[PDB]
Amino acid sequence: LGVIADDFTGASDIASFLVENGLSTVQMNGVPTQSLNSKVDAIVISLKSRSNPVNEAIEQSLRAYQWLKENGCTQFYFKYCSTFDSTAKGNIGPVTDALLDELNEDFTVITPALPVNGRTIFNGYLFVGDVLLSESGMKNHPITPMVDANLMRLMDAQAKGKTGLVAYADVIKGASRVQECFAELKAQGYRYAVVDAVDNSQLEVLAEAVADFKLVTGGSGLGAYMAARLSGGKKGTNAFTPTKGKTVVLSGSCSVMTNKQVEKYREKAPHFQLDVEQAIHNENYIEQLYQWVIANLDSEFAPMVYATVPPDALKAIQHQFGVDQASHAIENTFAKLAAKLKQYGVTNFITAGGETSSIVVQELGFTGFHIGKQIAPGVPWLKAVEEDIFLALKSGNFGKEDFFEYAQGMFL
């Protein structure tokens, strides 16, 4: 199974869904230049093609497909947002068409639905919670505003073909009936088919119906049920975790949740607060931190180096050292420390904060990861494809208070 996602958050989202439903998954960030020496059930390629120039999105998508194809994928999934984010030139249609063309196929399904998570489709109209898409916040979206809730109309505006519908009344009759409707829509000259779902069992039916489709499109909802069918109901209970090795926590976020997670963890393990003044003027700071970390790698809980300070104290630093000057010092420090620790032999990295996580992954040079056991919603355990290194990247809002120790508790 090859998934081609139009954004990072969505790629991570569906990838977790595939794993939480029994499928071994590898999420590549961008089209890879080297083959995947690993045998997995699903490979998700994360792109930045939600609203970039349409010919770029098409070329990139075709490149992702060619790679996924070269690397064993036989079924493809074009993943987009559950709110159908696009415009009349919105790449959803162009990309679907390009993919259909390349594949020598002429029909596929459309479904940004996951009823349990407030994304329902009735009569082809998309609802976002209790209201129509056109009535939600999406109506005034900053990049891709949505003023029409009718999916067949939205797709028709940006597609080369015509969009049909498999209504609720027919989905509730089963997979076979859906296929009969698929056969009917195709005879009527439809190239795509929106499928209703006001309840999750409708995705379960569709999942079964599209079992032999060379290509399918949608949000995470369908992909999840496709994984559940392919796995036979298996869950993520047996997804991997880090094996025993040296671990380090690098916290840089100053969000309300992170500040509490740090305040709760410094109580449990060795902690060294990263001082911004020293990050910019002391040249031996990285060497000091490195020595300190490795000399505290034997405690019960991994040592933690953190920049995390209350949003109040942070704004005070931003207005004394400068927003960008202080941001760099912190990022360059974690990056150079993480590189030294990896060379030394640390195999598990637990980061906190969006920027801190990106910089550490950037420095270590990882291009993709094997998705593992879920530590918290949105925070799975990872393992680089390049080498046996595990990482837990926690954006500032995810995880409960005891996140740091918990992340470690599961593999001990």
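Throughout, we count residues from 1 along the sequence that is shown.
Relative to its counterpart among 310-318 and 112-120, 310-318 has the higher mean temperature factor, C-alpha atoms as listed in the PDB entry. With 23-31 and 36-44 compared on mean CA B-factor from the PDB entry, the stretch scoring higher is 36-44. In this entry, the residue among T163, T217, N296, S134 with the greatest C-alpha B factor is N296. Within the listed group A88, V249, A329, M152, the record reports its top CA B-factor for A329. Residue-level temperature factors show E263 in the highest third of its chain, judged at the C-alpha atom. Residue-level temperature factors show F301 in the highest third of its chain, judged at the C-alpha atom. Ranked by Cα temperature factor within the chain, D170 sits in the middle third according to the deposited record. Ranked by Cα temperature factor within the chain, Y285 sits in the highest third according to the deposited record. Among the modelled residues of the chain, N200 sits in the lowest third by CA temperature factor in this PDB entry.
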